[PDB]
Structure formats: structure tokens, C-alpha cells
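[1] Just dropping in an experimental structure and the matching sequence.
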Amino acid sequence: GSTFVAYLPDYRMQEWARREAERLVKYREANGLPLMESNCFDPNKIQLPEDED
Amino acid sequence: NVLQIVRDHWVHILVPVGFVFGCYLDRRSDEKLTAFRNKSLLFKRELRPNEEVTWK
Amino acid sequence: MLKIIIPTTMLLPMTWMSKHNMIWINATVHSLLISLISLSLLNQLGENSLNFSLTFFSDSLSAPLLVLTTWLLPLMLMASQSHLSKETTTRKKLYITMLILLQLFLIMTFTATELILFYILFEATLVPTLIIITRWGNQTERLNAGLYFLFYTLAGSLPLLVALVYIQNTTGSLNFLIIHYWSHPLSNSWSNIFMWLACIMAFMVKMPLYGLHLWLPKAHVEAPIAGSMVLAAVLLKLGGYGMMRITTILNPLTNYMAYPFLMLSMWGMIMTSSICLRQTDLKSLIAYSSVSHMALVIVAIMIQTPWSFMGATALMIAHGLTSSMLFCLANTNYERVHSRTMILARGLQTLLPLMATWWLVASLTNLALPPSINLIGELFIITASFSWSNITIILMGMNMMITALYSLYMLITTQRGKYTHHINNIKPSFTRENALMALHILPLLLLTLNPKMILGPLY
Amino acid sequence: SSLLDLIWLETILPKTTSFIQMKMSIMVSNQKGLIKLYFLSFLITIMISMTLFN
Amino acid sequence: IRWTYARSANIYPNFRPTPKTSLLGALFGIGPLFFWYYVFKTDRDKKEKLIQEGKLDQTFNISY
Amino acid sequence: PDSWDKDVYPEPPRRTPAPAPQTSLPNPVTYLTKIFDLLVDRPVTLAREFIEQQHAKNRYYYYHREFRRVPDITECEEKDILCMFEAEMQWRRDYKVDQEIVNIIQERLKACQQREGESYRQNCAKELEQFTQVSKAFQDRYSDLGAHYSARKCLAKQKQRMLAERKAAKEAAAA
Amino acid sequence: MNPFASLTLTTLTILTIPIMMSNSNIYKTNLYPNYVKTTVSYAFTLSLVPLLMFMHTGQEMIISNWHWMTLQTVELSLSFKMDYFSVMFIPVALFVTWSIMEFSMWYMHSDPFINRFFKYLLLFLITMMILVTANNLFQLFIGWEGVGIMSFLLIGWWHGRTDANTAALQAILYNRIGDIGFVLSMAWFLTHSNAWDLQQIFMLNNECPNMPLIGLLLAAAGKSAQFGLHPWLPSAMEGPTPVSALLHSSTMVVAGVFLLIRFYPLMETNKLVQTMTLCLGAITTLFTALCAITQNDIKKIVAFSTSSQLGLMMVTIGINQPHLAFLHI
Amino acid sequence: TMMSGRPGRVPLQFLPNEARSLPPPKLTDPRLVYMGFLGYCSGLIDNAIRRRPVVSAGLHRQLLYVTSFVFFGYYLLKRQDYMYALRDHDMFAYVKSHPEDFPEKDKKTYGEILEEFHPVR
Amino acid sequence: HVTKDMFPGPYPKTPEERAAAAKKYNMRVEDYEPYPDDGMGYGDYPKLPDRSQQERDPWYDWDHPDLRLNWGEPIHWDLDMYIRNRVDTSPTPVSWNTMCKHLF
Ligand SMILES: CCCCCCCCCCCCCCCCCC(=O)OC[C@H](COP(=O)([O-])OCC(O)COP(=O)([O-])OC[C@@H](COC(=O)CCCCCCCCCCCCCCCCC)OC(=O)CCCCCCCCCCCCCCCCC)OC(=O)CCCCCCCCCCCCCCCCC
Ligand SMILES: CCCCCCCCCCCCCCCCC[C@@H](O)O[C@H](CO[C@H](O)CCCCCCCCCCCCCCC)COP(=O)(O)OCC[N+](C)(C)C
Ligand SMILES: CCCCCCCCCCCCCCCCC[C@@H](O)O[C@H](CO[C@H](O)CCCCCCCCCCCCCCC)COP(=O)(O)OCC[N+](C)(C)C
Ligand SMILES: CCCCCCCCCCCCCCCCC[C@@H](O)O[C@H](CO[C@H](O)CCCCCCCCCCCCCCC)COP(=O)(O)OCC[N+](C)(C)C
Ligand SMILES: CCCCCCCC/C=C/CCCCCCCC(=O)OC[C@H](COP(=O)(O)OCCN)OC(=O)CCCCCCC/C=C/CCCCCCCC
């Protein structure tokens, strides 16, 4: 059981996440983009309610 | 001696039979949740030349 | 999920159709095999969950608890094999049946896609424990202890059923997945305050909270060794699992609501750790140590931060294993001495060296020595509390110190010094007891190699 | 250990409940078996219901 | 046996509600709770105000 | 080494000085490292070559999994559960990716601090500013969500922040 | 390839082999203490090589070899720091331990459990090596607690003696009082700096606030037996003379001073904590010397001398001279 | 939902004719298996009460118990499914015939809804 | 093997029950002194002097030499606080107040 638990496949996707981050940073540095954006979602597709106060 | 140790050791077979029956029941219950098979937006895939279902 | 449930159900006919002198052998072997089967659930995803069907799902919060629940049964059988020797075959079979039913109820409780099913099984676990406590108990106060254990639980949990049916009437579903995706804020209202209280107090009573912890010393002292093991290892964690599951609906009301509980637990850990210093009983001391640890777990759950949840999960697993080991050691002493008081039998290291080594390891792991998972949960909860408020550390500091004290106190009173001259019936420790301690302790030191396996879904 | 855990925490929830339930049970169950008193109470509750619920 | 029984099981049946018992119990069971509640509430109110005005300098604080 | 990309984890050229023996005394370091080489490095190297030719005799490959882009929580109806499920899974994957990004930047910072040694305060300002920027970004997205975090809570936080920013900009323009 | 790392890890690794063989047959013979002594001597003569490499070049290295659990942004790994302090302290500690075991083969000649005594000594040495070579705060805490537990076990070597058990519990109590500040420091560093790693902490703390340094000072006072928490060091003389000579005199009790040395970049940027450290060291050395000049037990006198020397070490730390305090150690 | 007064209801009809348009429960239905298990438990308790070998006293009696339990369970499950089908049919018909009471909610995306955010601190 | 009458009871009020309780705990009537009759549940347990176990005679042949107790003798209510591993009340050459003031 300990051997089985030790060699469990990466269903948590840790190496997948590492490779994704590696490729993403490789691309962003080249483009000159400022790494990770402050906004998690693009503001153009968010419709705020106008205050008019 | 066969037909004699069975009458005393027959009980051992029950736990493994329950395990295989539970595996079969799990697959059978799985068979009833196929409404979205090969329909998820993340995994829309075109079937292989000799493939009928993506997963069983 | 039925690949685990069906063998557990088949454990009953196998036990009842077993030869009169082969019940223990058959039960232990098949329980260990079922535990091995349970190990498959540990391979969780970073995604939602392991949704097997509409009725049962798995989670990396549920999987360690399920594995521990399955692993506990062979240990309970081995511990109970000793004092049930002069007992008829029918009553031993009934005892094994009760243990199997308890495991089945716990297994169905921990998966439980729906909250009403969770409540039904959560309260179904109550009957086998009550019968085990009140039937195969030695003292005359087992009846009062059973009454306390039953009525504290039911007084806590009866409002929970009303709250759950009301929540389903309003929202429309009690399913965990639907509830998580459709969660909406609770307005700060008196009705919402009472709904929060009804949702929380049922799980608070079983931790138990410092105010409501009285039933636990009675139940632990008066129950047999298997009862004490199952109470300290698994039954206390049901409240923590329920809180972690039900807290999602509660926000944003939890912040204001949490203060009475946070203060009660932060002061009650100190109170119970200090109570441990002046105790004349091993079982009561272990029970109060359990109360302190579960008060810390309550604090972690109430803070409700990712590090809090990981620390709470790790601490629950570690405390379950450690407290089961401690109760087993105390029972090994009691079966020789028949007194169950620390100050009577002394200097046992001279007579039983390997058992003294087991005592030392158990006291060290109760003391939260690094890099054990006990201290992993300890430190995660402490860091989360410090981020919550920089003053909490002071209380935490006291707790740690006091904990160490009584732990070594329990190590020094019974193992060190001079052996009592009069006691002469201290026979060499059996292979069964040493195997029990080894099987208790090895999983902890194996898990400290892979902490993420017990850190919960927020890892 | 003694003041809070053994005495006051015990006094508040379990002991108070036991005392109250004992007193209520003693009061309710202590009927001498005289149908005179039973039917006088029946008359009282009948008239109270006629005066209260309409 | 007498020592253990008197220490554990003979306490409550010999309890009598007394001004000394009442005041000591109320103090030792309520005062610390309210003291710590006041302390933590004041600390958290100060922290919440500081984060509302934003003069807290929470740079590099990513784990909670 | 080709096992990892040099651009993702940059390193200086690592200029090293030359040995300049000012005395005729044979130093012990050179003889010690030569005997170490002879007694340790060669057997390890030959064992590695044997293992490498054993590996080449059997060869297989594994492929990194690729994921499509799914509409996020902002393109989901208020009660339509399927799209909310897909968006939540996508958001969790993106959260994991951002965590790994912060990990990479922290690794860069630690490597710089160790490598430049005594002048780490000056020669690691680039990595410090890089980490400050990425930490600022990461904190804004997920700092107060807490346990039971979700895409909806993150979207609500972003909306609150962006209304605050819009009000501040309007007030500054109309000041 | 650059034998510095291989040698500096090989010393610590070969320091563990007798613990592995403690279950073998050699543990049941009378050759076990000589086995442990030879292992320690070989470890010392093998660790002399990285010291020579440092003296020649000034070569420094970090070895983060095994990746432990990673929580969110934070990463925890088995990381060893082989700085000047580590590569300088390891040979001295190994030489002292070699001499101590050679002395103990004769001093414990009539002790029935001499193999267990040697095993206890080797475990303490391994844990102190872990403490000295730690690169992150969690590994340093692991060594911090391990040395304390081994000291508790060795002080109460004669468990039939009440006073030995009392002294061991005293040492545990005072070490937990210091542990409070240690845990406070760990919590503050993780929350504010986002890491337990030494490199990250130095980088993100240009002007260290009061609280983490006060926690570190409390831990150092607890483990170095300063005036506030001094009596456990004199009370620790209940153990066997080799235990007092190895742990409570020259290797274990410098743990707090060594910890304050480890964080000297943050110590120099704060002026109040330096003053507190200086005053604590001065009062500790005065009080301990004053107690020493009038004792009758030789072990008590020499232990008070050790405590006064620790006070002098923290005096050196408080005036912003950490390397000179290391030389004093 | 009091369906006693439903129009066109035969008073003492256990299963109406229109129930025959619904799929019958399968013979391997889990609820039928549970009813058979209940019958088997009844047989075991019957053997135990009369002081007979619990597992192997009367095979015919246990078989009769199981068979009767399965029979009654099958008919009860049929009636259950029919009654639930009636409830759903009535609810759908009432929703269809009263459009003004069940308006079609305007589909709104989360990107244009403002939900208050409560930080966890 | 202990009977019901051998367990501690309520506070003694009359001389006869005081003597009976003194007999129960195996001491003299003149040496017997219960705790003051307040709310705390001391009941009918003797109030032995608050002297520690360390200052007990170390040369007497106790049945428990480490704890310095005899078999049948009554046990102090706070025994576990005075076990020679904890606080002791042995007199010192210097008076308590002088040490406090001098130390302070
Ligand atoms: C969650 C769902 C899943 C599990 C379902 C749970 C329930 C299932 C069973 C329900 C009831 C049916 C059976 C009960 C009848 C009672 C008969 C009895 O006592 O047993 C004696 C009998 C052996 O004794 P005997 O030689 O015949 O003669 C001795 C006298 O009978 C009697 O000797 P005695 O009178 O001298 O001994 C005196 C003793 C005897 O008194 C008793 O034992 C009374 C029996 C228990 C009461 C039953 C109440 C009704 C059922 C309620 C179940 C509650 C579940 C809910 C959770 C709450 C837990 C309380 O009484 C006492 O000692 C007094 C104090 C007892 C302690 C406190 C009482 C607590 C009892 C609660 C038990 C609850 C679980 C029962 C499980 C089955 C137990 C047999 O046991 C058996 O052999 C029958 C056991 C089952 C047969 C298994 C055969 C199947 C294997 C082949 C087919 C393979 C299956 C898979 C197919 C595919 C594979 C290839
Ligand atoms: C007696 C004296 C000593 C004699 C023996 C001397 C030898 C000592 C060696 C023993 C320990 C020393 C440390 C050496 C560690 C090397 C092994 C380690 O690296 O493996 C670990 C593996 O261990 C497992 O991860 C942890 C064990 C699993 C624990 C499950 C418990 C077993 C089930 C039993 C029931 C459960 C009860 C409790 C319920 C929760 C960590 O693996 P990991 O770094 O990750 O990655 C492995 C490689 N990958 C990437 C290909 C996957
Ligand atoms: C015994 C062992 C422990 C058991 C468990 C104890 C934990 C449960 C205790 C419950 C915690 C507090 C309950 C209600 C808290 C509400 C907040 C209140 O305290 O603050 C003020 C409330 O003022 C006063 O507290 C009003 C209530 C006073 C009456 C309550 C009784 C006080 C003591 C009773 C304690 C007994 C508890 C156990 C009963 C068996 C705020 O003023 P206001 O803005 O207006 O109200 C805000 C709430 N709104 C928005 C819904 C309106
Ligand atoms: C406690 C467990 C339940 C067991 C109950 C006893 C089982 C043995 C009964 C044997 C068969 C009885 C069926 C009777 C034959 C024909 C019945 C038919 O003519 O009557 C119809 C009605 O059928 C019966 O009512 C159905 C009875 C079935 C009871 C089963 C439900 C049990 C509750 C769930 C627990 C699960 C028990 C499973 C194990 C048996 C028409 O009723 P109607 O004239 O229009 O209106 C009167 C009733 N109203 C007023 C309420 C509307
Ligand atoms: C010790 C536990 C903490 C106890 C704290 C308070 C104790 C004193 C209360 C004694 C019992 C009081 C009974 C009556 C309470 C009434 C509350 C109530 O009705 O709110 C129901 C509320 C809104 O009512 P509606 O009319 O439907 O809303 C429409 C208009 N908004 O709906 C709900 O949330 C239902 C949930 C049930 C409420 C729970 C009632 C019991 C008290 C809560 C549990 C706390 C006690 C737990 C006991 C602890 C023992 C271990």
C-alpha cells in the first residue's frame, strides 16, 4: 500500500501546472507583457452598472 | 482434503465476491450517467475510425 | 464506492457463519483486505471531486478519513480479542457485528452526497457506540455515560434536522454540489442567526466544544478499548467534517457569529491542557488531551482560511492515530493491573522496555514533535491564527508548553522511577500488543513522508 | 477541574435539565385517580376553549 | 481508592451553591472569555480600519 | 542542461578566475580533487553510461496534456449549472497556473540572492521588482476569498475593485 | 563535479549508518561503541576537505535536493546550507564528539546500556548537524526540537532517580518557553515574507520589524539559558559526565547564539533588538559568574562558566559582531 | 397535495387502468431486493423466536416469507410510481394552464450582475 | 473488596459521625480535621497538613520508597502536586520574605 501510494499518477496535475507556467512565462517575457495580470477576467466583457449619482 | 476443508473454509470466499460484485455494480451505475459523454465543451472529440464511445 | 461498501456488508455473514474459534482470524484478515481496497480512493484530483454516482462521492477530505476508518477496525479487533476471552461465541459475534455496523455507517457517512443522508448516517453511528458502551462496560457508571453521550448528541442534532429541511424547502436541494455552486450570502438577521446556530451546534457538540465537553470523559473512561478507540479516532472527526461541509452556506454570517466559539475554544484548550496536569486517571487524561486538540481544530475551522483547513485535516488524522495508540497503551496497563490509575503501577520501563519505547514514541507524537504530521497541523493552524490575529499566538504558545508538560508527565509517572514492590502479576508483553502498537505508529511516520496526502482539498 | 468542569458546567446543562424534568414528571403523574378532579379539569378546559379560540 | 473517589466522584454530591462558589465560578468561567473577546475584537477592529484606509503595507502577504 | 529551459530560469555567464600559484608549494586541494575524481567520478560516470545505454535500448514518450478554452463565469447564466461547472474548473486550473508562476518567480529570487552572495542587495533588484509586481498581481486576484473560494467570489471581488477604480478615476478627472 | 556538495552531504549521510545498523547484530556486542567512534572520526576527517576548499576559494553553496510538499505559492524542500558557519562548525563538533566518545568508552565501562548511550549520543550529533546545516526554518525547527528531546532523554539517563527526571522536565519546560518565540518568528516570517527559506527572508526584509526579532531573541534566550531561563543549564548536570561535556557545554547550548548568528542581516538593521540582546547577555554572564564563584560542585561551577560564556557570546552579538561570536563558539 | 378528491377517481381501485401505460418496475429492482431481504430477516427472526436453528430450520417457511414480501413489494412499487406520475402530470398541466403565475425569467449573465463581496479576514 | 461504608461521604456535623469518619480514614479522632464546610465538594475527607513529600524522612522504610508513603495511611488531597517531582515545602536556610525581597 505504501508503494502504491508513493507511485500514484499525477491526477493533481503538478508537473502539468509547472510546464504550463513555464511555457506561459516563456511567452510573456518575450512579448514584453507584464507577467500575470491584476484582473482575473477581461474588463471588456464585464458590464458594470452606471451610478449616475 | 477437498469437499471437507470447503465446509470449514467456505466463508473466506465471501469478501472477494462482495468486492467483485461491488465493482460490477459501480460499472453498472456508471452506465446510467452517459448523457454528456463526448459532449463536454472541454472534451469535444471526433471519434476514432474504430471507436464507438470515448469511455465505458 | 460499492467496491468498499459491499465487502463491509459481507463481513457480517462471514462473521456469523464462522467457526467458533476462527472469528478473530477471519475478521482481521478481511478487514485488512478491505483497508487495502480503501487505499485506491487516495488518488484525488485538483479538480472538483471523485463523483462515483448520485449517492456517493469522494474528496481528499473524505479519502483520508475513509482510509483511517477502514484501518481502525483490525486494530479494534486485535485490542478486543484479549478481554473477550471468557465470553460466549454468540456475544463475541454480536460485538464484531456492532463494530462492522459502525464501520459501515461511518463509510456511508463520509461519502454522503446529500445532507439528509449524511445526517441519517451521522446519527445512525450513535446506536452501535451506545450499545458497545453500555453492554461490554466494566463499571456501573457505563449507563450514565451512555445516557450523557446519547442526549448531548441528540440535543445538539435535533435542531440540525429542522434547519436542514428548512434549507431544502427554501433553496430546493440538499446536495453538496448544488449547494456549493448555488451558494448565496446570508443576511445578518435574527432568523439567519438562529439558522446558523442550528447548523453549527450539532457538529460543535461532538468535537466537542469546551462548554459541551462533559460527556466525553465519561464515555471514554467507561467504554471498552474498542469503544475508546473508535470514539477518539473517528467519531470526534465527524463534527469537523460536518462543519467543513456545512460552513459554505453560512458565510458571510460566520465572522460575527464565530467569536463566542473562538473564545471558548482558545480558552478551553488551555483549561483542558491544565486539567491534564492534575489527573489521577490515564483514560481521563487522554480524553482531556483529545478535547484540547479538537478545540484547536474548532479554532482552525472557524478561522476558515486555506491553511486553517489543511491544518485541521492533518491534525484530525494525526490525533486520531495518536489517541488510539494512547488508549491502547493504557488498556495494556489496565489488563495487567485492573486499577486504571497512574500512581499505582510505576517504573514499568524496568519490567517492560519495548512497551516503554512504545510509550515514549506515543508521548512524543502527542507532544507534536517535528516533522510529524501532528506538528504539521499544529503549525498550519497556528500560522493561520496568527494571520487572523497576532495575539492568538500567546495562547497557542501556552497550549504547546502545557501539552508537552502533561505528555512527559504521563511518561514519567508510569514508566520512570521505582516499580511498585507488591505488584507481581506483570507478565511480559505479548506479540499481539507489540503488533498493535507497531501498526498504530508506523502509518504516522509513513505519512510524514507524504503530507499532501492528508492536507485536504485546499492543497 | 473541580469548580467549573466537575460542578458548574455539570450544574448548568445536565443537572438543571434532570431536576426540571423530574419535577415536571412528579407534578404531572401525581394524580390520585379521582375522576371528580379529572372531570372538573375537563369542565375548566372546555370553558377555556370556548372562551379563547373564537 | 478513597483518595481517587473523593477527588473524582464525591465532588458534586457535596456541592452547595454558596456566595464563594458562585462568585469564584462566575469569575473563573466568564471573565477570561470576555477579556479575550474584548482584546481580539479591538485588535481586529484596528486591523480592519487600517486596511480600509489602506495604510497597512500588506505587500508579499499571499498566504492566509 | 537541456532538461530545463535556460530562458525561463536565466543564469549569468558564470565567469571564474584562473589559478595563480604564487608559491612552489603543492597545494592539497588539487591533489585531493584529482584523487576524488579518480576514485569517485569515473565509476559513477561509467555506471551512468551503462544505465543510459540500457535506457536507449527501450524508448517511450509521454505527452503533456493540452486543454481547450471554455467560456468563463461571465458568460454563464445565473442558474445554468453546466457552464458554471466548466467555468469553475477552468478558473481552478488558472489559479494553479498562477500559483506555479509565483513559485517560479520566487525560485528566481532565491537563486539570485544565493548566487550574487554579498552584493545581493544591488545585483538582485531586477528579481526583487519582478517578484513585487507578480505578488501585487496575485494578491489582487485571490487574497480575501478564503476557504470555499469560487470563480463567482473572485469575479465579485474584481467588480468591487473596478467600481472603486472607476469612481476614483471619475473623481480625479472631475476634481 | 565540484566535490564540495558530494563531500558535505556524504559526511552527514555516513553519520547515520550506525543508527541503521542499531538493529543489526553488532549492536548486541561490545564492539558497538568503537564502531560509532570510528564512524565519527571518519566523518570528521572527511568533512575536513570542504573546510580546505572553503579556505582556498571561499566556495559557498546551497543544496536543495528533495522537494517536500508545496502549499500554494510556498515551496518546502529538503535544503541544506553549507555556508562558512556550517562548514566551519561541522569539523569542530565532529572532533569534539570523537573525543567525547573516546572518553565515554572508559567512563561508561561499567554501564550495562553503553550501546544505547552511544546510540543516544550519535542521534544528538545527527540532529545538531541537521540544525546547523538547515537552510529553511522548518528543518531548523526539526533540529531545534530533536536536540531538546535527546537532551531530555540523556539527562534522565538514570530513570530511577527522581531528580534526574525533574531536571529533564525542567529542560523541556524552558525549551518550550523558547519554542513559543520560535513559533512566533516562523509564523510572522511566513505571513509577511511568504517563505520559510533563508534567501527569501533576507531579500524581502530590508528593515526588519521588532516582532520576528523579538521571537528569535526569545528562542535564543530559551535555548542558550539566558538570565530569564537560566536554571535548566545548571540543573542539567544530573546526567552522565559525557552528556554534560557534549550537549550542555559546547555543542547544544550554542544553538540560540548560532540561531541569532544565522539571522545577522536582519539583526544589524534593527537597533532596539540589538540593545536587548546586549543587555540580556551582560546580565546573564554577570549573574552566572557570580553564582559560579561560590559553588562547591565542580560540574556546577563549570556549567555556570559555560552559561557565562554564552552570555558573553550574546554580548558579542548585540554589538553587531556575529562572526567573532562564531569564532568564540 | 391532497389527491383524495381528484376528479375521475375510482374509490377502492388499488391500481387504475391508466397506470398500465407506465413502465413496470424491473424484477431486479433494488427496492424489490430490499423487500426480499426484509422477508428473509422475518424468517430468521421467526426461527430465532421459536428456538429453532436460525439459518437452517425451515427452508419452505423462509422461501414463503421472501416470496410474499417480493409480491407485495412489486405491487406497492407499481402504486408508488403511478402516484408520483400523477403528481408530476398534475403539476405540469397546472403550470401549462396558468402561464401568468410562472413567468419566464430573463436570462442574466454573471458578468452583468453585481454581487456583494465579503472578504475573509 | 471495598464496601459502601468505606467511601467518603458528606460533611460530619455530630461528634459520633466525626469519630466514625476518623475511624474510616485510619487516624485518631483528635488528629482528624475535615476541610471547612463550604460549597466545594471536599465532603468528608481529612485535611492533612500541606507539607510536601520531599521533606518526609528519607531514612524510614516506606512501602513506597520513591513516593515516601505507607500502604494504609491516609492520602493528602493534593498528593499529586507534592510528589518530589513538583513543588515542595521544605524549609530553606534563608526565610522566604528575605529571598523574595533580595531577589526582587
Ligand atoms: C445496514 C444494512 C446492512 C446490515 C443489516 C443489519 C441487520 C441484518 C439482520 C437483521 C435481523 C436478521 C437476523 C437476526 C435474527 C436473530 C438470530 C440470532 O440471534 O443469531 C443466531 C444465529 C447463530 O446462533 P444459533 O446457532 O442459530 O443459535 C443460537 C440462538 O439463536 C441464540 O443464542 P442465545 O440466545 O443463547 O444468545 C443470546 C444473545 C442472542 O440474541 C441475539 O443475538 C438477538 C439478535 C439481534 C436482534 C435483532 C433485532 C432486529 C434486527 C435489527 C438490526 C439493527 C440494524 C440497525 C443499526 C442499529 C444496531 C442495533 O442475546 C444476548 O446476548 C443478550 C444481549 C445482547 C447484546 C445487546 C443486543 C444488541 C443486538 C442488536 C444487533 C443488531 C445487528 C444484528 C445483526 C445480525 C445478528 C444475528 O446467527 C446466525 O447464524 C444468523 C446470522 C445471519 C445469517 C447469515 C447467512 C447468510 C450467508 C449465506 C448467504 C450469502 C449472502 C450473500 C449472497 C451472495 C454470496 C455468494
Ligand atoms: C530499524 C533501524 C533502521 C533500519 C532501516 C534503515 C533504512 C532507513 C530508510 C527508511 C526511511 C529513511 C528516509 C528515506 C526516504 C526514501 C523513500 C522516499 O523518498 O519515498 C517516499 C514515498 O513514500 C510515500 O510517499 C509515503 C508512504 C504512504 C503512506 C500511506 C500509509 C500506508 C497505508 C496503511 C493504512 C493507513 C493508516 C492511516 C490512514 C491515513 C517519498 O516519495 P516522493 O518524494 O513523494 O516521490 C517518489 C518518486 N516519484 C516522484 C516517482 C513518485
Ligand atoms: C454553555 C457552554 C457554551 C454553549 C455555546 C455558547 C455559544 C452560543 C452563544 C450565541 C452567541 C451570541 C448570540 C447572538 C449574537 C448577536 C450579536 C449581539 O450580541 O450584538 C448586539 C446585539 O445586541 C444585543 O445582544 C441583543 C440581544 C440580547 C439578548 C440575548 C441574550 C444575552 C445573554 C444570553 C446568553 C445565553 C446563551 C445560552 C442559552 C441557553 C448587536 O446589536 P444589534 O445591531 O441590535 O444586533 C445585530 C444583529 N441583527 C443585525 C440581526 C439585528
Ligand atoms: C408499517 C409498514 C407498512 C405495512 C402496512 C401493512 C402491510 C400489509 C397490507 C396488505 C395489503 C393492503 C392493500 C389493500 C388492498 C387494496 C387497497 C385499495 O383498495 O385501497 C386504495 C388505497 O390503497 C392503500 O391505501 C395503500 C396501502 C399501502 C400501505 C403501504 C405504505 C407504507 C408506508 C411506507 C413504509 C414502507 C413499508 C414497506 C413494507 C410493507 C384506495 O384508497 P381510497 O379509497 O382511494 O382512499 C382512502 C385512503 N386515503 C383516504 C388516504 C386517500
Ligand atoms: C447551546 C446552543 C446555542 C443556543 C442559543 C440560543 C438558545 C435559546 C433558544 C431556545 C430555543 C428557541 C426556539 C425558537 C427559536 C426561533 C427561531 C426561528 O424561528 O428562526 C427560524 C428561521 C426563520 O424562521 P421563518 O419564520 O421561517 O422565516 C420567515 C421570516 N424571516 O428559519 C430557520 O433557520 C430554521 C432553523 C431552526 C432554528 C433552530 C432553533 C433551535 C435553536 C438553534 C440551535 C441552538 C441550540 C443548540 C443546542 C445545543 C445542545 C448541544
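    Received the coordinates, thanks. Residues are numbered from 1 along each chain as shown, chains lettered A, B, ... in the order given. Ligands and ions are numbered 1, 2, ... in the order given.

[2] Now residue G:9: which helix or strand?
    In the assignment (DSSP states H and E), residue G:9 maps to helix G:3-14.

[3] Using neighbour counts, pick out the buried residues of that helix.
    Neighbour counts over helix G:3-14 (16 or more other Cβ atoms under 10 Å in any protein chain shown) mark G:3-12 as buried. Yep, even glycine has a C-beta here, placed from its N, CA and C like the rest.

[4] Show me which of those is closest to chain A.
    Chain A lies nearest to residue G:9 out of the buried residues of helix G:3-14, by Cβ to the nearest Cβ, at 22.7 Å.

[5] Tell me how many other residues crowd the closest residue to residue F:96 other than its chain neighbours.
    In space, and not counting its chain neighbours, residue F:96 is closest to residue A:17: 4.5 Å by Cβ to Cβ, 6 or more residues apart in numbering or on different chains. Here the number of neighbours of residue A:17 (other Cβ atoms under 10 Å in any protein chain shown) works out to 21.

[6] List the contacts of the helix or strand where residue A:17 lies.
    According to DSSP H and E, residue A:17 maps onto helix A:14-31. With contacts defined as Cβ atoms under 8 Å, 6 or more residues apart in numbering or on different chains, helix A:14-31 is touched by A:10, A:34-35, F:5, F:7-8, F:64-65, F:93, F:96-97, F:99-101, F:103-104, G:70.

[7] Hmm, residue C:35 is touching residue C:75, no?
    No. Look at residue C:35 against residue C:75 with Cβ atoms under 8 Å: they stay out of range, at 10.0 Å.

[8] could you measure the residue of chain B found nearest chain F against ligand 4, distance?
    Using Cβ to the nearest Cβ, the closest approach of chain B to chain F is made by residue B:41 at 4.9 Å. Separation of residue B:41 from ligand 4 (Cβ to the nearest ligand atom, to the nearest Å): 43 Å.

[9] That residue touches residue F:72, doesn't it?
    No. The criterion here is Cβ under 8 Å, and residue B:41 misses it with residue F:72 at 11.6 Å.

[10] Have a look at the two and say which one is more surrounded.
    Counted by other Cβ under 10 Å, residue B:41 and residue F:72 do not tie: residue F:72 has more neighbours, with 22 against 15.

[11] ok, now which ones touch the more buried one?
    With Cβ under 8 Å, 6+ apart, residue F:72 has these contacts: A:41, F:87, F:90-91, F:151.

[12] One more pass at 10 Å, please.
    Counting by Cβ atoms under 10 Å, 6 or more residues apart in numbering or on different chains, residue F:72 makes contact with A:40-42, A:45, F:83, F:86-88, F:90-91, F:94, F:151, F:155, H:110-111.

[13] Which of those fall within helices?
    F:83, F:86-88, F:90-91, F:94, F:151, F:155 (DSSP state H).

[14] Closest residue of chain F to chain I?
    Taking Cβ to the nearest Cβ, chain I has its nearest neighbour within chain F at residue F:147, 42.4 Å off.

[15] isn't that residue right next to residue C:311, touching?
    No. Assessed by Cβ atoms under 10 Å, residue F:147 is found out of contact with residue C:311, at 11.6 Å.

[16] ok, these two, which is more surrounded?
    Relative neighbour count places residue C:311 above the other of residue F:147 and residue C:311, with 29 against 23, counting by other Cβ under 10 Å.

[17] The more buried one belongs to a helix?
    Yes. Under DSSP: H, G, I helix; E, B strand; the rest coil, residue C:311 falls within a helix.

[18] how far away is the spatially most central residue of chain A from residue F:98?
    For chain A, the residue nearest the mean C-alpha position is residue A:21 (7.1 Å; Cα atoms, centre = their mean). Per Cβ to Cβ, to the nearest Å, residue A:21 is found 8 Å from residue F:98.

[19] Now do the shared contacts for those two.
    By Cβ under 10 Å, 6+ apart, residue A:21 and residue F:98 have these common neighbours: residue A:36.

[20] distance between the helix or strand harbouring residue F:132 and the chain's centre?
    Assessed by DSSP H and E, residue F:132 sits inside helix F:125-142. Centroid displacement of helix F:125-142 relative to its chain, using Cα atoms, centre = their mean, to the nearest Å, is 12 Å.

[21] which other helices and strands contact it?
    helix F:81-115, helix F:120-123, helix F:151-173, helix G:198-204 (3 or more Cβ pairs under 10 Å, 6 or more residues apart in numbering or on different chains; DSSP states H and E).

[22] circling back to that earlier point, of all the ones in helices among the contacts of residue F:72, which two lie farthest apart?
    Maximum pairwise distance among the ones in helices among the contacts of residue F:72 (Cβ to Cβ): 16.0 Å, between F:83 and F:94.

[23] secondary structure class for residue G:65?
    Secondary structure, three-state DSSP: residue G:65 is strand.

[24] hang on, isn't it packed against residue G:139?
    No. Between residue G:65 and residue G:139 there is no contact under Cβ under 10 Å: 11.9 Å.

[25] ok, the two, which is more surrounded?
    residue G:139 (23 against 10).

[26] Single out the residue in chain C that lies closest to chain G.
    Closest to chain G within chain C is residue C:397: 3.4 Å, counting by Cβ to the nearest Cβ.

[27] er, chain A actually
    Nearest to chain G, among the residues of chain A, is residue A:14, at 7.8 Å (Cβ to the nearest Cβ).

[28] From ligand 5, how far off is the residue of chain D found nearest ligand 2?
    The nearest approach of chain D to ligand 2 comes at residue D:5, 32.0 Å away (Cβ to the nearest ligand atom). Distance, residue D:5 to ligand 5, by Cβ to the nearest ligand atom: 17 Å.

[29] Residue G:89 too?
    For residue G:89, the distance to ligand 5 (Cβ to the nearest ligand atom) stands at 57 Å.

[30] Give me the three-state assignment for that residue.
    Following three-state DSSP, residue G:89 is assigned to helix.

[31] ok, the spatially most central residue of chain H - contacts?
    Geometric centre of chain H, nearest residue: residue H:80, 4.5 Å, by Cα atoms, centre = their mean. Neighbour list for residue H:80: H:25, H:31 [criterion: Cβ under 10 Å, 6+ apart].

[32] That concludes my questions; thank you for your assistance.
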